[PDB]
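Taking it in order: structure first as structure tokens, then the write-up.
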Amino acid sequence: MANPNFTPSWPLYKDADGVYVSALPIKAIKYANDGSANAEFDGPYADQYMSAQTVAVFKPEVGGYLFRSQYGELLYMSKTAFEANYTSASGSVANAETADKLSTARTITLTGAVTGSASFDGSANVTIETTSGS
């Protein structure tokens, strides 16, 4: 990767705790009789020829999914495991459900009178105060 994928054009997904990973969707593979094999991808990846001894350890499956993590760990997985450990990281990912308010159906460590929501005093949204009936 000459480019560090700084531009969020290609959708990169989420490892176990929130590390970034690239997803290499193995379409088909061309096993050449010389020993080397090129893996056909239809994402931000083309055919990639790998050396014979290399293809002998990294011989995967056509139709599966491979990933490449920032640790240098690249492996092929079944979509069920692949998606839940190297793409999802909880069924929210970017948590765009909570938006910027972060208090939709989730409470992302709201400090009550958050300055970016209610500066000084006088909270807005949800009547006037969430606790108004003790």
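All residue names refer to the structure tokens as shown: chains lettered A, B, ... in order, residues numbered from 1 in each chain, ligands numbered from 1 in order.
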For segment 5-19 of chain A, find every residue with an atom within 9 Å (counting only C-alpha atoms), except residues of its own chain fewer than 2 positions away, and show them as a compact mmCIF listing (two decimals) with N, CA and C atoms, in the first residue's frame.
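Generated output (out_20.txt):
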# COMPACT_ATOMS: atom_id res chain seq x y z
N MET A 1 0.84 -1.22 0.00
CA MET A 1 0.00 0.00 0.00
C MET A 1 0.87 1.25 0.00
N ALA A 2 1.01 1.87 -1.17
CA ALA A 2 1.74 3.12 -1.29
C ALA A 2 0.97 4.23 -0.61
N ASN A 3 -0.34 4.09 -0.66
CA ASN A 3 -1.24 5.06 -0.06
C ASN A 3 -1.74 4.52 1.27
N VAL A 21 -8.90 -2.10 9.59
CA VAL A 21 -8.53 -3.26 8.80
C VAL A 21 -9.04 -3.08 7.38
N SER A 22 -8.27 -3.57 6.43
CA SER A 22 -8.70 -3.59 5.06
C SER A 22 -9.32 -4.93 4.75
N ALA A 23 -10.35 -4.93 3.94
CA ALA A 23 -11.06 -6.15 3.63
C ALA A 23 -10.80 -6.56 2.20
N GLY A 43 -12.62 -5.58 -5.36
CA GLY A 43 -12.73 -4.38 -4.55
C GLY A 43 -11.60 -3.42 -4.86
N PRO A 44 -10.99 -2.79 -3.85
CA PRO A 44 -9.82 -1.94 -4.04
C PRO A 44 -8.54 -2.76 -4.23
N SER A 69 -4.84 -6.22 8.70
CA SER A 69 -4.90 -5.34 9.85
C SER A 69 -3.61 -4.55 10.00
N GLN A 70 -3.69 -3.48 10.78
CA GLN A 70 -2.58 -2.56 10.98
C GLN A 70 -1.39 -3.25 11.66
N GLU A 83 -16.99 -10.83 9.51
CA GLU A 83 -17.78 -9.62 9.68
C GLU A 83 -17.81 -9.16 11.14
N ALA A 84 -17.86 -10.10 12.07
CA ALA A 84 -18.14 -9.76 13.46
C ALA A 84 -16.87 -9.37 14.19
N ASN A 85 -15.73 -9.76 13.65
CA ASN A 85 -14.47 -9.50 14.31
C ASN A 85 -13.61 -8.53 13.52
N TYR A 86 -13.80 -8.46 12.20
CA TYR A 86 -12.95 -7.58 11.39
C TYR A 86 -13.72 -6.63 10.47
N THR A 87 -14.96 -6.29 10.82
CA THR A 87 -15.70 -5.36 10.00
C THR A 87 -16.70 -4.57 10.84
N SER A 88 -17.25 -5.22 11.86
CA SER A 88 -18.36 -4.67 12.63
C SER A 88 -17.89 -3.95 13.90
N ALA A 89 -17.41 -4.73 14.87
CA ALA A 89 -17.10 -4.21 16.21
C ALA A 89 -18.36 -3.63 16.83
N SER A 90 -19.32 -4.52 17.11
CA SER A 90 -20.67 -4.16 17.55
C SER A 90 -21.49 -3.66 16.37
N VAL A 93 -20.62 0.28 14.61
CA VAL A 93 -19.41 0.65 13.83
C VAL A 93 -18.98 2.09 14.10
* Backbone-only DSSP, strand (DSSP E or B) members of segment 37-97 of chain A, as a list in words ->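 In segment 37-97 of chain A, DSSP puts these residues in strand (DSSP E or B): residues 37, 38, 39, 40, 41, 48, 49, 50, 65, 66, 67, 68, 69, 74, 75, 76 and 77 of chain A.
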* Where does DSSP see alpha helix (DSSP H) in segment 20-86 of chain A, if you list the residues as a list in words? -> residues 52, 53, 54, 55, 56, 57, 79, 80, 81, 82 and 83 of chain A
Atoms kept (N, CA, C and O atoms) for selection, written as a PDB file, in the first residue's frame:
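What follows is the written file result.pdb:
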ATOM      1  N   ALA A  52       5.148 -19.369  -4.849  1.00  0.00           N
ATOM      2  CA  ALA A  52       4.736 -20.750  -4.618  1.00  0.00           C
ATOM      3  C   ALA A  52       4.763 -21.124  -3.143  1.00  0.00           C
ATOM      4  O   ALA A  52       3.737 -21.520  -2.582  1.00  0.00           O
ATOM      5  N   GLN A  53       5.924 -20.976  -2.518  1.00  0.00           N
ATOM      6  CA  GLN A  53       6.075 -21.306  -1.106  1.00  0.00           C
ATOM      7  C   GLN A  53       5.160 -20.429  -0.254  1.00  0.00           C
ATOM      8  O   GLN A  53       4.719 -20.829   0.828  1.00  0.00           O
ATOM      9  N   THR A  54       4.843 -19.251  -0.769  1.00  0.00           N
ATOM     10  CA  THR A  54       3.977 -18.325  -0.063  1.00  0.00           C
ATOM     11  C   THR A  54       2.530 -18.792  -0.162  1.00  0.00           C
ATOM     12  O   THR A  54       1.786 -18.784   0.819  1.00  0.00           O
ATOM     13  N   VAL A  55       2.158 -19.248  -1.352  1.00  0.00           N
ATOM     14  CA  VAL A  55       0.807 -19.736  -1.607  1.00  0.00           C
ATOM     15  C   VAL A  55       0.574 -21.061  -0.882  1.00  0.00           C
ATOM     16  O   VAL A  55      -0.555 -21.483  -0.673  1.00  0.00           O
ATOM     17  N   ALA A  56       1.655 -21.702  -0.475  1.00  0.00           N
ATOM     18  CA  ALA A  56       1.558 -22.973   0.219  1.00  0.00           C
ATOM     19  C   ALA A  56       1.172 -22.775   1.676  1.00  0.00           C
ATOM     20  O   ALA A  56       0.571 -23.655   2.287  1.00  0.00           O
ATOM     21  N   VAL A  57       1.522 -21.628   2.241  1.00  0.00           N
ATOM     22  CA  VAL A  57       1.111 -21.330   3.611  1.00  0.00           C
ATOM     23  C   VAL A  57      -0.171 -20.507   3.613  1.00  0.00           C
ATOM     24  O   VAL A  57      -1.003 -20.636   4.510  1.00  0.00           O
ATOM     25  N   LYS A  79     -17.328 -15.528   6.440  1.00  0.00           N
ATOM     26  CA  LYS A  79     -17.966 -14.214   6.576  1.00  0.00           C
ATOM     27  C   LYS A  79     -18.542 -13.972   7.972  1.00  0.00           C
ATOM     28  O   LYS A  79     -18.466 -12.856   8.484  1.00  0.00           O
ATOM     29  N   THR A  80     -19.085 -15.013   8.592  1.00  0.00           N
ATOM     30  CA  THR A  80     -19.687 -14.894   9.911  1.00  0.00           C
ATOM     31  C   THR A  80     -18.678 -14.383  10.939  1.00  0.00           C
ATOM     32  O   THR A  80     -18.948 -13.435  11.682  1.00  0.00           O
ATOM     33  N   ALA A  81     -17.510 -15.007  10.964  1.00  0.00           N
ATOM     34  CA  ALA A  81     -16.442 -14.589  11.855  1.00  0.00           C
ATOM     35  C   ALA A  81     -15.797 -13.313  11.342  1.00  0.00           C
ATOM     36  O   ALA A  81     -15.512 -12.390  12.110  1.00  0.00           O
ATOM     37  N   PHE A  82     -15.593 -13.274  10.032  1.00  0.00           N
ATOM     38  CA  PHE A  82     -14.963 -12.146   9.362  1.00  0.00           C
ATOM     39  C   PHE A  82     -15.680 -10.843   9.699  1.00  0.00           C
ATOM     40  O   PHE A  82     -15.065  -9.879  10.150  1.00  0.00           O
ATOM     41  N   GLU A  83     -16.988 -10.835   9.508  1.00  0.00           N
ATOM     42  CA  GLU A  83     -17.779  -9.624   9.682  1.00  0.00           C
ATOM     43  C   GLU A  83     -17.811  -9.163  11.143  1.00  0.00           C
ATOM     44  O   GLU A  83     -17.718  -7.970  11.429  1.00  0.00           O
TER      45      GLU A  83
END
* Distance query segment 117-127 of chain A at most 12 Å, only C-alpha atoms, self and fewer than 4 positions along chain excluded, as a list in words -> residues 100, 101, 102, 103, 104, 110, 111, 112, 113, 131, 132 and 133 of chain A
* So, counting only C-alpha atoms, which residue among A:51, A:46, A:99, A:76 is closest to residue 32 of chain A? -> A:51
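Taking atom CA of residue 75 of chain A and atom CA of residue 58 of chain A as endpoints, the distance between them is 7.9 Å.
Each of A:66, A:29, A:96, A:77 was compared to residue 50 of chain A using only C-alpha atoms, and A:29 turns out to be the nearest.
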